[PDB]
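A.B. asks: For reference, this is model.pdb, and it has PDB, C-alpha atoms.
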```pdb
MODEL        1
ATOM      1  CA  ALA A   1     -78.171 -15.800  10.788  1.00  0.00           C
ATOM      2  CA  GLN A   2     -80.767 -18.602  10.612  1.00  0.00           C
ATOM      3  CA  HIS A   3     -82.320 -16.932  13.703  1.00  0.00           C
ATOM      4  CA  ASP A   4     -81.337 -16.669  17.396  1.00  0.00           C
ATOM      5  CA  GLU A   5     -80.487 -12.955  17.152  1.00  0.00           C
ATOM      6  CA  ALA A   6     -80.096 -12.377  20.922  1.00  0.00           C
ATOM      7  CA  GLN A   7     -77.913 -15.525  21.183  1.00  0.00           C
ATOM      8  CA  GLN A   8     -75.458 -14.547  18.417  1.00  0.00           C
ATOM      9  CA  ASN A   9     -75.505 -10.848  19.461  1.00  0.00           C
ATOM     10  CA  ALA A  10     -74.480 -11.710  23.044  1.00  0.00           C
ATOM     11  CA  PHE A  11     -71.645 -13.921  21.700  1.00  0.00           C
ATOM     12  CA  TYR A  12     -70.368 -11.209  19.289  1.00  0.00           C
ATOM     13  CA  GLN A  13     -70.541  -8.563  22.054  1.00  0.00           C
ATOM     14  CA  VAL A  14     -68.591 -10.719  24.580  1.00  0.00           C
ATOM     15  CA  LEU A  15     -65.879 -11.196  21.903  1.00  0.00           C
ATOM     16  CA  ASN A  16     -65.828  -7.452  21.036  1.00  0.00           C
ATOM     17  CA  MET A  17     -65.024  -6.194  24.570  1.00  0.00           C
ATOM     18  CA  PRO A  18     -61.389  -4.942  24.432  1.00  0.00           C
ATOM     19  CA  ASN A  19     -61.119  -4.086  28.173  1.00  0.00           C
ATOM     20  CA  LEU A  20     -61.576  -7.750  29.193  1.00  0.00           C
ATOM     21  CA  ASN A  21     -58.661 -10.209  29.191  1.00  0.00           C
ATOM     22  CA  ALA A  22     -58.586 -13.675  27.565  1.00  0.00           C
ATOM     23  CA  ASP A  23     -59.581 -15.659  30.699  1.00  0.00           C
ATOM     24  CA  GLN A  24     -62.540 -13.314  31.362  1.00  0.00           C
ATOM     25  CA  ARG A  25     -64.035 -13.197  27.839  1.00  0.00           C
ATOM     26  CA  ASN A  26     -63.515 -16.956  27.262  1.00  0.00           C
ATOM     27  CA  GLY A  27     -65.075 -17.533  30.720  1.00  0.00           C
ATOM     28  CA  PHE A  28     -68.154 -15.529  29.646  1.00  0.00           C
ATOM     29  CA  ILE A  29     -68.282 -17.408  26.282  1.00  0.00           C
ATOM     30  CA  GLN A  30     -68.297 -20.759  28.156  1.00  0.00           C
ATOM     31  CA  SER A  31     -70.997 -19.396  30.519  1.00  0.00           C
ATOM     32  CA  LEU A  32     -73.036 -18.407  27.411  1.00  0.00           C
ATOM     33  CA  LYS A  33     -72.470 -21.849  25.813  1.00  0.00           C
ATOM     34  CA  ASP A  34     -73.492 -23.668  29.028  1.00  0.00           C
ATOM     35  CA  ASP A  35     -76.479 -21.350  29.707  1.00  0.00           C
ATOM     36  CA  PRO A  36     -77.862 -20.204  26.293  1.00  0.00           C
ATOM     37  CA  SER A  37     -80.991 -19.047  28.182  1.00  0.00           C
ATOM     38  CA  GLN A  38     -78.744 -16.588  30.104  1.00  0.00           C
ATOM     39  CA  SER A  39     -77.601 -14.646  26.989  1.00  0.00           C
ATOM     40  CA  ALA A  40     -78.815 -11.346  28.523  1.00  0.00           C
ATOM     41  CA  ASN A  41     -77.263 -12.056  31.958  1.00  0.00           C
ATOM     42  CA  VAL A  42     -73.854 -13.148  30.568  1.00  0.00           C
ATOM     43  CA  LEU A  43     -73.899 -10.107  28.224  1.00  0.00           C
ATOM     44  CA  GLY A  44     -74.711  -7.777  31.167  1.00  0.00           C
ATOM     45  CA  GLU A  45     -71.975  -9.238  33.423  1.00  0.00           C
ATOM     46  CA  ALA A  46     -69.388  -9.133  30.600  1.00  0.00           C
ATOM     47  CA  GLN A  47     -70.318  -5.529  29.682  1.00  0.00           C
ATOM     48  CA  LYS A  48     -70.097  -4.486  33.364  1.00  0.00           C
ATOM     49  CA  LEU A  49     -66.657  -6.129  33.762  1.00  0.00           C
ATOM     50  CA  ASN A  50     -65.467  -4.513  30.481  1.00  0.00           C
ATOM     51  CA  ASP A  51     -66.821  -1.087  31.543  1.00  0.00           C
ATOM     52  CA  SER A  52     -65.280  -1.219  35.052  1.00  0.00           C
ATOM     53  CA  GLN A  53     -61.905  -2.239  33.506  1.00  0.00           C
ATOM     54  CA  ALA A  54     -62.072   0.641  30.954  1.00  0.00           C
ATOM     55  CA  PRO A  55     -58.858   2.762  30.839  1.00  0.00           C
ATOM     56  CA  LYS A  56     -60.728   6.076  30.399  1.00  0.00           C
TER
ENDMDL
END
```
In structure tokens, how does this file's structure come out?
C.D. replies:
Amino acid sequence: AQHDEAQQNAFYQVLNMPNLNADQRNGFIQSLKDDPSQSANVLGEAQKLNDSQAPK
């Protein structure tokens, strides 16, 4: 809101991934928190894991 659009976007996206489970999405959130630089990477990995676990 103040700024950091990529940072907050990545966080919101990782939350809003319904094909992940709790352990996975929380894992990615903690990875994001630890490595704020790696917003794009964490987002990519999370999106890939969500996509691969999609029901179809």
A.B. asks: Name the residues within 12 Å of (-66.4, -14.6, 28.8), counting only C-alpha atoms in the file's coordinates, and put them as a PyMOL selection string.
C.D. replies: chain A and resi 10-34+39+41-50
A.B. asks: Figure out the distance between CA of residue 5 (chain A) and CA of residue 35 (chain A), please, to one decimal in Å.
C.D. replies: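 A separation of 15.6 Å between them.
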A.B. asks: Draw an axis-aligned box tight on the listed atoms of region 22-25 of chain A, then pad every side by 5 Å and write out centre and edge lengths in Å to one decimal as AutoDock Vina command-line options.
C.D. replies:
```
--center_x -61.3 --center_y -14.4 --center_z 29.5 --size_x 15.4 --size_y 12.5 --size_z 13.8
```
A.B. asks: Rebuild region 9-33 of chain A to N, CA, C and O atoms - output it as an mmCIF file, in the frame of the given file, please.
C.D. replies:
```cif
data_model
loop_
_atom_site.group_PDB
_atom_site.id
_atom_site.type_symbol
_atom_site.label_atom_id
_atom_site.label_comp_id
_atom_site.auth_asym_id
_atom_site.auth_seq_id
_atom_site.Cartn_x
_atom_site.Cartn_y
_atom_site.Cartn_z
ATOM 1 N N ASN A 9 -75.858 -12.203 19.061
ATOM 2 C CA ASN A 9 -75.505 -10.848 19.461
ATOM 3 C C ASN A 9 -74.682 -10.874 20.744
ATOM 4 O O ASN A 9 -73.613 -10.274 20.791
ATOM 5 N N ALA A 10 -75.176 -11.572 21.774
ATOM 6 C CA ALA A 10 -74.480 -11.710 23.044
ATOM 7 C C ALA A 10 -73.068 -12.266 22.838
ATOM 8 O O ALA A 10 -72.111 -11.721 23.382
ATOM 9 N N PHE A 11 -72.933 -13.320 22.025
ATOM 10 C CA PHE A 11 -71.645 -13.921 21.700
ATOM 11 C C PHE A 11 -70.693 -12.907 21.050
ATOM 12 O O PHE A 11 -69.562 -12.749 21.507
ATOM 13 N N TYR A 12 -71.153 -12.214 19.999
ATOM 14 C CA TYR A 12 -70.368 -11.209 19.289
ATOM 15 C C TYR A 12 -69.924 -10.088 20.231
ATOM 16 O O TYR A 12 -68.774 -9.660 20.177
ATOM 17 N N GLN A 13 -70.828 -9.613 21.092
ATOM 18 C CA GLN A 13 -70.541 -8.563 22.054
ATOM 19 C C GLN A 13 -69.445 -9.003 23.028
ATOM 20 O O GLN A 13 -68.468 -8.280 23.191
ATOM 21 N N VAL A 14 -69.586 -10.180 23.653
ATOM 22 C CA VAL A 14 -68.591 -10.719 24.580
ATOM 23 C C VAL A 14 -67.205 -10.797 23.925
ATOM 24 O O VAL A 14 -66.216 -10.445 24.566
ATOM 25 N N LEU A 15 -67.128 -11.224 22.657
ATOM 26 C CA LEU A 15 -65.879 -11.196 21.903
ATOM 27 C C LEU A 15 -65.355 -9.760 21.778
ATOM 28 O O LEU A 15 -64.206 -9.495 22.124
ATOM 29 N N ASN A 16 -66.194 -8.841 21.284
ATOM 30 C CA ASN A 16 -65.828 -7.452 21.036
ATOM 31 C C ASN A 16 -65.975 -6.612 22.310
ATOM 32 O O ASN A 16 -66.777 -5.681 22.364
ATOM 33 N N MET A 17 -65.161 -6.934 23.322
ATOM 34 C CA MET A 17 -65.024 -6.194 24.570
ATOM 35 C C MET A 17 -63.524 -6.099 24.875
ATOM 36 O O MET A 17 -62.974 -6.997 25.511
ATOM 37 N N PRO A 18 -62.842 -5.036 24.413
ATOM 38 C CA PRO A 18 -61.389 -4.942 24.432
ATOM 39 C C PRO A 18 -60.796 -4.720 25.825
ATOM 40 O O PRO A 18 -59.588 -4.884 25.988
ATOM 41 N N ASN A 19 -61.612 -4.373 26.830
ATOM 42 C CA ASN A 19 -61.119 -4.086 28.173
ATOM 43 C C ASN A 19 -61.060 -5.361 29.018
ATOM 44 O O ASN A 19 -60.395 -5.371 30.053
ATOM 45 N N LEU A 20 -61.725 -6.440 28.580
ATOM 46 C CA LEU A 20 -61.576 -7.750 29.193
ATOM 47 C C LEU A 20 -60.206 -8.331 28.840
ATOM 48 O O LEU A 20 -59.544 -7.857 27.917
ATOM 49 N N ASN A 21 -59.806 -9.385 29.556
ATOM 50 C CA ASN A 21 -58.661 -10.209 29.191
ATOM 51 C C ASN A 21 -59.176 -11.523 28.593
ATOM 52 O O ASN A 21 -60.386 -11.727 28.478
ATOM 53 N N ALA A 22 -58.254 -12.406 28.194
ATOM 54 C CA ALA A 22 -58.586 -13.675 27.565
ATOM 55 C C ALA A 22 -59.429 -14.545 28.497
ATOM 56 O O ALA A 22 -60.518 -14.970 28.119
ATOM 57 N N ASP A 23 -58.930 -14.802 29.712
ATOM 58 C CA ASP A 23 -59.581 -15.659 30.699
ATOM 59 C C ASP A 23 -61.024 -15.220 30.953
ATOM 60 O O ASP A 23 -61.928 -16.053 30.968
ATOM 61 N N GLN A 24 -61.234 -13.911 31.133
ATOM 62 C CA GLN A 24 -62.540 -13.314 31.362
ATOM 63 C C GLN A 24 -63.482 -13.582 30.189
ATOM 64 O O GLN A 24 -64.531 -14.191 30.386
ATOM 65 N N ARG A 25 -63.132 -13.117 28.981
ATOM 66 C CA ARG A 25 -64.035 -13.197 27.839
ATOM 67 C C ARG A 25 -64.338 -14.648 27.456
ATOM 68 O O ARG A 25 -65.488 -14.972 27.176
ATOM 69 N N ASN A 26 -63.327 -15.527 27.485
ATOM 70 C CA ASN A 26 -63.515 -16.956 27.262
ATOM 71 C C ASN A 26 -64.406 -17.559 28.350
ATOM 72 O O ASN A 26 -65.274 -18.371 28.045
ATOM 73 N N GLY A 27 -64.219 -17.144 29.609
ATOM 74 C CA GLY A 27 -65.075 -17.533 30.720
ATOM 75 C C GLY A 27 -66.540 -17.208 30.427
ATOM 76 O O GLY A 27 -67.402 -18.076 30.552
ATOM 77 N N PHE A 28 -66.816 -15.965 30.012
ATOM 78 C CA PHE A 28 -68.154 -15.529 29.646
ATOM 79 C C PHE A 28 -68.697 -16.316 28.449
ATOM 80 O O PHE A 28 -69.862 -16.698 28.474
ATOM 81 N N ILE A 29 -67.877 -16.590 27.425
ATOM 82 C CA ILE A 29 -68.282 -17.408 26.282
ATOM 83 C C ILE A 29 -68.733 -18.795 26.750
ATOM 84 O O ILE A 29 -69.788 -19.261 26.330
ATOM 85 N N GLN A 30 -67.952 -19.450 27.618
ATOM 86 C CA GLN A 30 -68.297 -20.759 28.156
ATOM 87 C C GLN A 30 -69.570 -20.697 29.004
ATOM 88 O O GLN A 30 -70.384 -21.615 28.940
ATOM 89 N N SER A 31 -69.765 -19.617 29.770
ATOM 90 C CA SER A 31 -70.997 -19.396 30.519
ATOM 91 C C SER A 31 -72.195 -19.293 29.569
ATOM 92 O O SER A 31 -73.245 -19.869 29.840
ATOM 93 N N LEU A 32 -72.027 -18.576 28.452
ATOM 94 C CA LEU A 32 -73.036 -18.407 27.411
ATOM 95 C C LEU A 32 -73.385 -19.764 26.793
ATOM 96 O O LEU A 32 -74.556 -20.111 26.664
ATOM 97 N N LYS A 33 -72.355 -20.532 26.420
ATOM 98 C CA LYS A 33 -72.470 -21.849 25.813
ATOM 99 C C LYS A 33 -73.233 -22.805 26.733
ATOM 100 O O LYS A 33 -74.136 -23.507 26.282
#
```
